[PDB]
2 protein chains.
Amino acid sequence: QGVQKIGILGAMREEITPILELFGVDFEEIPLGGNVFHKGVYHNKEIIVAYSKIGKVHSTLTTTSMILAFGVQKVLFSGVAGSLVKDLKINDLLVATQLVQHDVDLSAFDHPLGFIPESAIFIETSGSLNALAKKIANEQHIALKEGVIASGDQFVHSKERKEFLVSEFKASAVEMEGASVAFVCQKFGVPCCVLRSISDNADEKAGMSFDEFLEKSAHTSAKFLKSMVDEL
Amino acid sequence: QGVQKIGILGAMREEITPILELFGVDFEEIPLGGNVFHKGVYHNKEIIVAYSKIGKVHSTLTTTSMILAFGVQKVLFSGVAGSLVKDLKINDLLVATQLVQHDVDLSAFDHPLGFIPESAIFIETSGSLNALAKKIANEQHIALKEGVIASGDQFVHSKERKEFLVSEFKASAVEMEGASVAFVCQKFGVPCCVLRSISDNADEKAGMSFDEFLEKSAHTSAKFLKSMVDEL
Ligand SMILES: Nc1ncnc2c(CN3C[C@H](CSCCCc4cn(Cc5ccccc5)nn4)[C@@H](O)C3)c[nH]c12
Ligand SMILES: Nc1ncnc2c(CN3C[C@H](CSCCCc4cn(Cc5ccccc5)nn4)[C@@H](O)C3)c[nH]c12
């Protein structure tokens, strides 16, 4: 066969700190393109862990580097997100079934919001990996929700923008990287799963909530991602 | 030494059509990551030409592929842009001295607009290449302006947004790819030059102006880019 190569991504250092700790193996640090890639071996799999830095351009770059420079065959994203829906509470886990770039606007040419020519509004993630997540969550009695994640280059902290994301895209959560990660994976034909744990409610108090819950929510997502890797 | 490898990028097919025609050499078409790369030889240089598709994620991906998969040592971008200033008229050429992602908003954490932690508001391009552009333009009696280009994932078509770009960033032109291209190049240590020819005034009539002038403005930029490659 060959050794399975798995890319594991967060956006912030804080999102990968628990990943590195939970896997508990020795990592070689490899610098490339302004990122540091942590390369280790775990259960007949080569794991490549990195944080991209915040936002769409950073995450697009890092995902592309993982695929081209490190030859990863799957990409799993773990991090935190803002909730857009009452039933997604602080610390809850969501797997993204589709993602959208919510800040894309070519409406001057009568395109729907989120749409770019030669692409699509919604980007799909891996059905087989999302099925695995649901199977594991049910076995461990973990509430795992699934839904649309909206990604953009703004930290959302207003009722008005939240309501737009729900009305326009039927999104359940908001972040700044998932859509770009999933997009790159789609372009290269690489299976992708995007996991997020809720850190805030994307409202006027979101900054304070985020600062309070980043560590715990990052750990929650990281722990679940590790449980998926254990089944690959 | 080794043969010099030069990446040449546009955002739309229409921006690279004149590039391919003007170089007038045979190109091998190579598919990778949802892009088609046109690889040819020109004056002891290997030229790799592609259009990224529109926007920040597309252009980030394609630039990263050029660098990692095709080993380019310089990246020259050619295309069209909206003017933000009275002295930049339809068809005029601008070289970007710095670029900004104008739609980035982490103001909830008291960051200035355009700023992301572990990055900067303004991304620099290559002084040596920008000096070459100015030298050539002066020899050929071509008006070449220089200034800040703002990039975002929206087509700008309003007085209100234009004025924001000028007030916030002192930008001279607006487009959807330059900042992401220049950013990737900065992260990999690859010299970058971003050239744009004006297609519209980024106002309420911008869509109609763009459709009218895309071909001519794309050609103007392409011709100038070729004149730079002739001096590399
Ligand atoms: N309501 C919401 N809207 C949009 N996205 C989210 C997220 C998910 N993440 C989280 C992250 C948001 S931006 C965080 C910026 C944090 C920060 C950190 N520093 C200081 C600093 C600077 C450089 C290096 C290290 C720290 N200054 N600002 C960004 O990566 C997106 C969760 N809730 C969201
Ligand atoms: N005022 C302005 N604001 C922002 N950017 C600009 C630009 C520069 N370019 C140009 C380009 C803008 S988006 C163009 C979309 C054109 C289009 C083309 N099609 C049909 C189509 C679909 C698929 C494949 C081919 C054609 N539907 N829409 C995008 O690449 C940015 C010039 N003026 C600007």
Side-chain angles (χ1 to χ4, degrees), chain A residues 10-15 51-56 58-59 79-84 102 104-106 108-111 115-119 149-158 161-162 165 173-178 196-203 206-207 209-211 213-214 217-218, chain B residues 10-15 51-56 58-59 79-84 102 104-106 108-111 115-119 149-158 161-162 165 173-178 196-203 206-207 209-211 213-214 217-218:
Chain A
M12 293 173 71
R13 182 180 305 268
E14 293 83 353
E15 290 165 328
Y51 77 95
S52 60
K53 299 166 284 180
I54 290 158
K56 295 196 298 184
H58 279 135
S59 59
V80 307
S83 173
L84 301 176
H102 68 75
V104 163
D105 183 351
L106 294 178
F109 299 101
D110 299 314
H111 296 300
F115 180 78
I116 306 178
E118 310 184 50
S119 191
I149 293 187
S151 308
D153 272 342
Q154 311 77 42
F155 183 82
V156 176
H157 62 119
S158 70
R161 190 67 180 171
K162 287 179 73 170
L165 298 176
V174 61
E175 33 88 319
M176 303 175 67
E177 304 82 14
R196 297 287 196 160
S197 177
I198 300 308
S199 56
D200 60 86
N201 298 128
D203 63 6
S209 183
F210 173 85
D211 288 343
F213 293 110
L214 172 61
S217 298
Chain B
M12 293 173 71
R13 182 180 305 268
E14 293 83 353
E15 290 165 328
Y51 77 95
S52 60
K53 299 166 284 180
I54 290 158
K56 295 196 298 184
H58 279 135
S59 59
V80 307
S83 173
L84 301 176
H102 68 75
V104 163
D105 183 351
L106 294 178
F109 299 101
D110 299 314
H111 296 300
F115 180 78
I116 306 178
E118 310 184 50
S119 191
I149 293 187
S151 308
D153 272 342
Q154 311 77 42
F155 183 82
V156 176
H157 62 119
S158 70
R161 190 67 180 171
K162 287 179 73 170
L165 298 176
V174 61
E175 33 88 319
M176 303 175 67
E177 304 82 14
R196 297 287 196 160
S197 177
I198 300 308
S199 56
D200 60 86
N201 298 128
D203 63 6
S209 183
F210 173 85
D211 288 343
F213 293 110
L214 172 61
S217 298

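All heavy atoms count here, side chains included; hydrogens, waters and symmetry mates do not. Chain identifiers are assigned alphabetically (A, B, ...) following the order of the sequence lines, protein sequences preceding nucleic acid strands; residue numbering begins at 1 within each chain. Whatever order the structure lists ligands and atoms in, that order sets their numbers, starting from 1.
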Is the shortest distance from a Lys or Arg side-chain nitrogen in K56(A) or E177(A) to a carboxylate oxygen in the other one below 4.0 Å?
no

Test of proximity, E118(B) against ligand 1: N or O pairs below 3.5 Å
no

Is it the case that ligand 1 has an N or O less than 3.5 angstrom from some N or O of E15(A)?
no

Which heavy atom of the protein is the closest neighbour of [atom], given with residue, atom name and distance?
atom	value
atom 5 (N) of ligand 2	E175(B) CA, 3.3 Å
atom 6 (C) of ligand 1	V174(A) O, 3.7 Å
atom 3 (N) of ligand 2	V156(B) N, 3.0 Å
atom 10 (C) of ligand 1	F210(A) CE1, 3.4 Å
atom 18 (C) of ligand 1	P117(B) CG, 4.3 Å
atom 34 (C) of ligand 2	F155(B) CE1, 3.3 Å
atom 8 (C) of ligand 2	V80(B) O, 3.1 Å
atom 28 (N) of ligand 2	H111(A) NE2, 2.8 Å

So if I count the atoms of ligand 2 from 1 in the order they appear, which ones are less than 4.0 Å from some heavy atom of [X]?
X	result
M176(B)	4 (C), 5 (N), 29 (C), 31 (C)
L106(A)	13 (S)
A202(B)	1 (N)
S199(B)	32 (C), 33 (N)
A11(B)	30 (O)

Atom 15 (C) of ligand 1: which of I54(A), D200(A), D203(A) has the nearest heavy atom?
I54(A)

At a 4.0 Å cut-off, with the gap strictly under it, does some heavy atom of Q154(B) reach an atom of ligand 2?
yes

If you measure from each heavy atom of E177(B) to ligand 2, is any distance below 4.0 Å?
yes

Below 4.5 Å, heavy atoms only, C-beta onward: do [X] and [Y] meet side chain to side chain?
X	Y	answer
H111(A)	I116(A)	no
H157(B)	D203(B)	no
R161(B)	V174(B)	no
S119(B)	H58(A)	yes
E175(B)	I149(B)	yes
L106(B)	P117(B)	yes
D211(A)	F109(B)	yes
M176(A)	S151(A)	no

Hey, does the side chain of [X] reach the backbone of [Y] with a donor-acceptor pair shorter than 3.5 angstrom?
X	Y	value
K162(B)	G82(B)	no
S217(A)	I198(A)	yes
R196(B)	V80(B)	yes
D200(A)	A202(A)	yes
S209(A)	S199(A)	yes

Hey, is atom 26 (C) of ligand 2 under 4.0 Å from any protein heavy atom?
no

Taking atom 23 (C) of ligand 2 as the reference point, report whether a protein heavy atom occurs under 4.0 Å from it.
yes

Within ligand 1, which atoms have a heavy atom of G82(A) less than 4.0 Å away?
32 (C), 33 (N), 34 (C)

Any idea which part of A81(B) is under 4.0 Å from ligand 2, heavy-atom wise: side chain, backbone, both or neither?
backbone

Please indicate whether any nitrogen or oxygen in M12(B) is less than 3.5 Å from any nitrogen or oxygen in ligand 2.
no

